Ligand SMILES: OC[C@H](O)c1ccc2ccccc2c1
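In the block that follows, a single chain appears as structure tokens, in the form solved without the named molecule.
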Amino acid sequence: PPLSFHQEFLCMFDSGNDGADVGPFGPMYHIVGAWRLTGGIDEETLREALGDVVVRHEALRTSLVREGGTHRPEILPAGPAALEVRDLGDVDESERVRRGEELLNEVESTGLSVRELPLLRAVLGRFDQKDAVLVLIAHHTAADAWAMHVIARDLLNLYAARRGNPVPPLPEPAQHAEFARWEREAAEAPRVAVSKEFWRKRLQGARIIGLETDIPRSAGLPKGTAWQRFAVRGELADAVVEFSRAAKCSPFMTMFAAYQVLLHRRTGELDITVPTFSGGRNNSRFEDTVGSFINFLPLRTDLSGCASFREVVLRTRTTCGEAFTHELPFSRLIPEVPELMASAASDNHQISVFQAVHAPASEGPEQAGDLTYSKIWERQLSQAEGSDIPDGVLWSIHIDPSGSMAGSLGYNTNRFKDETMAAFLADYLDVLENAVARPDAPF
């Protein structure tokens, strides 16, 4: 079982054995999610189901241990099924959403090693016999956002079946090891050489844009990542969706375009390269597969001579189109363009990423047997010390089918002050509002 291309990418951010258990192979590099559960719960059966879902998915039993400078995967037997339960209190609805968010944040501030099991934990916060919040946490080498959606679906299905309630069969999943194999076969395909030649040309002289940090790398402050949560207001959300529809661009392309406009205004640059993370799940064989598939994907757009926001969005659409056509695993692309990140490691800058969360489509509450479950996307509570960002700034946007959007802005507290990032976020929301309100005005 070799490291995936994604895991190779993470190695590029690994601080090494250095006295500090931090970064992507440390215990804070995890992903958390929360679901509101309506219906009665048998806790013992839910715990058994959690055991079931770890047996089901090898990625959730694949530890990563330091060996000879790198990390060796080893697929282990599932550990003991475990579930923590808390009595959050029989309180009124607004207090429930609030206590749910607090539980989510508290779990995110706890650690979860990759070096031994478990790689998935669960905390169930119950309000009363028929309302609860289920929080899952998984190491982010083992699961991405799409994987967390799969874990929750599988878990509640396996639970329902144990309870003897009607649910459809789960498909047999492909294991992540199978994907690790497949992606290396794909890397030898003839289109690869064609795509490499595309990227060498496209990214000639390109440098990912850096954000100036408040605190230099050399100050050596302890690693931490904070998160500021935001939501795109109904009015603004509706304007973004309508603009995008009419422009024949996705809402993500619009929000990415607005980010480019913001960086142009912040840095003066017109030649703008900003990475996103693609979903990395083009191959539908792996749609029921738990693992971390996402892929660092550089998007270079030339904003020079743009007459309007609309033209920025259209150029973005072009850039996105050719990026996905020629997409390559970043660990294989970067040696072809080896100076692309020269502002990642600089003493006074970090790179930022702007991503859409990739997760299967859902509109409304879902049901498994006698349980209804609804992903909690709207977060408002910021986090002083949460899921780790190895080295940079991350914008993470969830775009709801309903029209609504929930976002997070994460940054390393050893490099940025909260106020700087607060202003950055507020500047972005203002740019976005003005852009879709007057998209054909001079930019």
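Note that residue numbering begins at 1 and tracks the sequence as displayed.
This next part talks about the form deposited with the named molecule bound, which is not shown.
This chain lacks the partner; the member of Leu88, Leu297, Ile294, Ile209 within 4.5 angstroms of the named molecule in the deposited complex by a non-hydrogen atom is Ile294.
With the partner omitted here, the residue from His264, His140, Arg96, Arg310 that has a non-hydrogen atom within 4.5 angstroms of the named molecule in the deposited complex is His140.
Stretch 387-395 is the answer when you ask which of 55-63, 413-421, 39-47, 387-395 has residues with heavy atoms within 4.5 Å of the named molecule in the deposited complex. Contact annotation for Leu170: none of its heavy atoms lies within 4.5 Å of the named molecule in the deposited complex. In the deposited complex, at least one heavy atom of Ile351 sits within 4.5 Å of a heavy atom of the named molecule.
Using a 4.5 angstroms limit between non-hydrogen atoms, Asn157 is distant from the named molecule in the deposited complex.
Although the partner is absent here, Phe277 lies within 4.5 Å of the named molecule in the deposited complex, judged by heavy atoms. Contact check for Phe9, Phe13 and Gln355: all three have a heavy atom within 4.5 Å of the named molecule in the deposited complex.
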